[PDB]
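Methodologically, a virtual Cβ is constructed for each residue, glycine included, from the backbone with ideal geometry; neighbour enumeration extends over all protein chains shown. Coordinate-derived values only; no laboratory data.
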Protein chains: 2
Amino acid sequence: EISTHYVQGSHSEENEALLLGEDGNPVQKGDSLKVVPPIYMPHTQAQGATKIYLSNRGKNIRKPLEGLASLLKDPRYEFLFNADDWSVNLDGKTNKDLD
Amino acid sequence: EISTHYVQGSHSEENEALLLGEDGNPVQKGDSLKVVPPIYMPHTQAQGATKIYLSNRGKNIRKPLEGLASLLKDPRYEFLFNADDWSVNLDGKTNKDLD
């Protein structure tokens, strides 16, 4: 819903128009275990610069996603989202089960 | 949202088309601590004179910004916006902290 495709018309994930640094690397690639969101190039399709059009697949649930992001970093929900032996990693694997 | 760019197509901040005075200096460059806004040249890119285009990046929040400015110039909200020692400078540095 935020990251913009490098080319208009198509919203491919591989065309993420992120904000790159002087060296060439993006300013903020983004993390999954951490809740930092990725940085993206500003949406602008005017003359002079490349045509940047925002993704058209985004829904209207930005506020609930922001609320969930705030909740994820709250240390009062460790028992829910960060269980010791029941923490689900990226690929969906748990150290122990419900037994 | 109100100032106009000196070059059409792009709205770079370095292309601000501020209405200059007879002597050469701008009539109203604007101030930050003071809530006075800068004056800009009229939006008219017709033939005969130089082409000046309006801002192409502004949102639709002119009314809330005017309300915020009115609140900022209100002496009844000093306890919020102009606290005694916890005033914030332009670079974001206060005399004291929350402790």
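Mind checking which residues of region B:11-20 are part of a loop (DSSP other than H, G, I, E, B), within 14 Å of another protein chain (Cβ to nearest Cβ) and either surrounded by 15 or more Cβ atoms within 10 Å (Cβ to Cβ) or not hydroxyl-bearing (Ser, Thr, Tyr) (or both)? Within region B:11-20, just B:11 meets the criteria.
The residues of region B:44-58 that are in a loop (DSSP other than H, G, I, E, B) and aliphatic (A, V, I, L, M), listed by number, are B:46, B:49, B:52.
Counting residues in region A:32-43 that are part of a loop (DSSP other than H, G, I, E, B), in contact with a helix residue (DSSP H, G or I) (Cβ under 6 Å, 6 or more places away or on another chain) and hydroxyl-bearing (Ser, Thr, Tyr) gives zero. Looking only at residues in region B:21-48 that are more than 16 Å from the chain's Cα centre (by Cα) and under 29 Å from residue A:46 (Cα atoms), the one that is nearest to the other protein chains (Cβ to nearest Cβ) is B:45. Among the residues making up region A:64-92, those that are part of a loop (DSSP other than H, G, I, E, B) and within 21 Å of the chain's Cα centre (by Cα) are A:73, A:74, A:82, A:87, A:88, A:89, A:90, A:91, A:92. Among the residues of region B:49-57, at least one is farther than 23 Å from residue A:49 by Cα and away from every other protein chain (no Cβ under 14 Å). Of everything in region B:70-82, what is touching a residue at least 12 places away in the same chain (Cβ under 8 Å) and within 20 Å of residue B:92 (Cβ to Cβ)? Give them in sequence order. Of everything in region B:70-82, just one residue is touching a residue at least 12 places away in the same chain (Cβ under 8 Å) and within 20 Å of residue B:92 (Cβ to Cβ), namely B:72.
In region B:58-92, which residues are within 14 Å of chain A (Cβ to nearest Cβ) and surrounded by 12 or more Cβ atoms within 10 Å (Cβ to Cβ)? Of everything in region B:58-92, just one residue is within 14 Å of chain A (Cβ to nearest Cβ) and surrounded by 12 or more Cβ atoms within 10 Å (Cβ to Cβ), namely B:58. For first residues located in region A:48-59 and polar (S, T, N, Q), partners that are outside any loop (DSSP other than H, G, I, E, B) and lie 6+ apart or on another chain with Cβ distances below 7 Å form the pairs A:55/A:5. Residues in region B:25-41 that are over 18 Å from residue B:6 (Cα atoms) and β-branched (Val, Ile, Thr): B:35, B:36.
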